[PDB]
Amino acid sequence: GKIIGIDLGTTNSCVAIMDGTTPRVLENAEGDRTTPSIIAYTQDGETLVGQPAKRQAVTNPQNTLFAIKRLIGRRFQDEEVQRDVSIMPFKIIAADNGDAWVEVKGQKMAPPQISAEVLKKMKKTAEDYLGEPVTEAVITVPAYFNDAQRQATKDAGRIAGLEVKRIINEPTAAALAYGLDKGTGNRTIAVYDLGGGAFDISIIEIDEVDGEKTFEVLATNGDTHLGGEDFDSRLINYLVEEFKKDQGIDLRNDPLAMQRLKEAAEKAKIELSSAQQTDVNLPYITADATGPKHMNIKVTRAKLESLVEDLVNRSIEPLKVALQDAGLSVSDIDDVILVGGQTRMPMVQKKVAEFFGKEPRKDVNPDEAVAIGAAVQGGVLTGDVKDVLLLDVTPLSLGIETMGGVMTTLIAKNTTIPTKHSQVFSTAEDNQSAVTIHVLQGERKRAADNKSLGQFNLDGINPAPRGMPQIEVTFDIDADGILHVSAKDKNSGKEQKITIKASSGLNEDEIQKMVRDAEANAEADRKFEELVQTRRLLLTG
């Protein structure tokens, strides 16, 4: 029946549901509206999830899994995974197929199996509230997730016993949450998302026309090196160096001490969003030949700000890029929305307010907006939420080059995504053994006047006269906006394919110029195409 919305976070997860017109964030059994994305396998053979796992992490470093979102859908040889292997206290391994897996108590486990434990806890939280079984869910992912990362997140949902009705990206979710407020129509917003695992900025248009409120992503980009875990690392390094200065001991080779220090550092960071100073007090942190040793280090907000200032400042250039990619000025941004617990740092809030020249909206909850928006999307699917449309359409026509230097369109401009279209082409010359698939974007009929998106060859064509071979070309744009182009020789069975990433933005100013350019050249483009036609469309070598 009902469709729950789940924010599956690097650090914390959250589940919400539509209660008629208003979404409700649901509390787990401890009373908490968020649940740590932490999974622990205990000595006695049971699996802990959430705060119970978090509480015993410091004593069970090998078998307490966290930050698995950094691994989900990734290959073991991925740079981020290799970077992750050294710092993580649990064992990260290569699966037989090369994926990044984990090993706990001799058991090899794929990331989706681990994240499924967190999603199952979100599901029971909802089932407890509703008093009925729950199986339909909208699950969110970062806007920077690729196909493999999205697919692995869907698999995690299914392993949790959920029907994954939709995946949507976290900034769009936040925008749906904000867009519930009154007076939010026909505005451009900036979603500044500083979570545990990454920084992400999205520019989203919320328009209201003929009673329908539409949500469209105009630009997005992210940086996984600017997340709250990186803030923690700066403070941890400071505490390590300070303890060496104070007592001549380097804690880095002591895993138990480093786990306690990581937890204390994060708590000190959080406290310094409220206070001007805090005390990191860790008794019996280690010992040497002269007995036990104890840590007591005062950290001021000014010191923390000095340690992470570069991280905060590195979030500004991604903002400038997103605005360039949307073709907008800061003066076009009508509201700024902060998402993510790391945006509660006063320094972050001031830097964002300074850049946009306006205070971020304070009626958006940075810890819950993503889950709320996922629940809104669920309400759209059931009909509980009316007059709301997530708008994702192609900005420009997409096609391939055919004989005579012509652009042949496979997907027309303004086609709703996801979409799939195929057309059969043939060879231009007798006994042609290969064709070149040149993928093009734009509105002109001359292939050379459009943008080239990539190209690949299909060879192995059996000898035959021109026009006889049947080459099926398929364009498929998936829900992640990624364009998949394939060419298949129907008589030989051979196929080749490429993947084309989504554009980082949609610049309507420039798109409309291109459209007007094409309209201004419409008759000239027709005459060009017509006498090329005087020679099933054909492909050259």
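All residue numbers are counted from 1 along the displayed sequence.
Set 437-445 against 286-294 and average the Cα temperature factors; 286-294 ends up higher. Looking at 79-87 and 349-357 together, the entry lists the larger mean B-factor for 79-87, computed on C-alpha atoms.
Among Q247, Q277, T427, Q423, the highest C-alpha B-factor recorded in the PDB entry belongs to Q247. In the deposited coordinates, the residue among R150, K108, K267, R234 with the greatest CA B-factor is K108. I114: CA B factor lies in the middle third for its chain, per the PDB record. The deposited CA B-factor of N97 belongs to the highest third of values across its chain. Annotation for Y192: C-alpha temperature factor in the lowest third relative to the rest of the modelled chain, per the entry. In the PDB entry, a CA B factor belonging to the middle third of its chain's modelled residues is recorded for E212. Annotation for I168: C-alpha temperature factor in the middle third relative to the rest of the modelled chain, per the entry.
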